[PDB]
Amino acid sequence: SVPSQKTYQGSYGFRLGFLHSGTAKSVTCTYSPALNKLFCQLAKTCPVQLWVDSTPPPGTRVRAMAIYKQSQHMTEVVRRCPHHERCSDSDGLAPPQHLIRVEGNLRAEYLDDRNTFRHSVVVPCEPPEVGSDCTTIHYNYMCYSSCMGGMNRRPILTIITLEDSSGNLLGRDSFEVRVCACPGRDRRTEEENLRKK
């Protein structure tokens, strides 16, 4: 009915990481550690790092799913709004209803859960490239937080799960997301609101 959001490093020490992009007016994606919140523009690249202490087995996968953050909306499926689901911006792989896409990975799979109707996107784990210490997934969010008939100004969380080949849980992390026109300004505003409180 509601997916768990409990942080769980698990046996492999799984956790996310984010770049330090700053809060200039021109920034397209920026992460606030104080808020545990990603701010991004519509359909722009959101780099999310995956970190582990030890290598999970071959066949491990990484899934992303959005849920509403407020408890009174958490049973509602997060989906694209009535406008964006019809705007024919498909990449050939993501269903037009899905909020979260993975960019530039032909092995991404998109699930419409047959029991919960929730959407998710899952990719195989791949080792870091030589010279790197982590792997990065590039996500896109395909509706604004404000879209009427969709998120409708309600905050969402993205839950990232590390899963075995059967889909069993190996690790979990999460972050809030706001999809907005000016992520740098909005991050600055919300961090100031937190400081004043």
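Residues carry their position along the shown sequence, with the first being 1.
Novice: Taking the recorded C-alpha temperature factors, which stretch has the higher mean, 26-34 or 128-136?
Specialist: Mean B over CA atoms: larger for 128-136.
Novice: So, looking at the entry's B-factor column for Cα atoms, which has the higher mean, 52-60 or 156-164?
Specialist: For C-alpha atoms only, the mean B-factor is higher in 52-60.
Novice: From the list 79, 107, 83, 101, select the residue with the highest C-alpha B factor recorded in the entry.
Specialist: Result of the comparison over 79, 107, 83, 101: 107.
Novice: Which third of the chain does residue 148 land in by C-alpha B-factor: lowest, middle or highest?
Specialist: Answer is highest: the recorded C-alpha B-factor places it there.
Novice: Taking the C-alpha B-factors as the PDB entry records them, is residue 118 in the lowest, middle or highest third of its chain?
Specialist: Tercile = middle for this residue's CA B-factor.
Novice: Looking at the temperature factor on the CA atom of residue 9, which third of the chain's modelled residues does it land in?
Specialist: It belongs to the middle third of the chain when residues are ordered by C-alpha B-factor.
Novice: Which third, lowest, middle or highest, does the C-alpha temperature factor of residue 177 belong to within its own chain?
Specialist: According to the entry, residue 177 has a C-alpha B-factor in the chain's lowest third.
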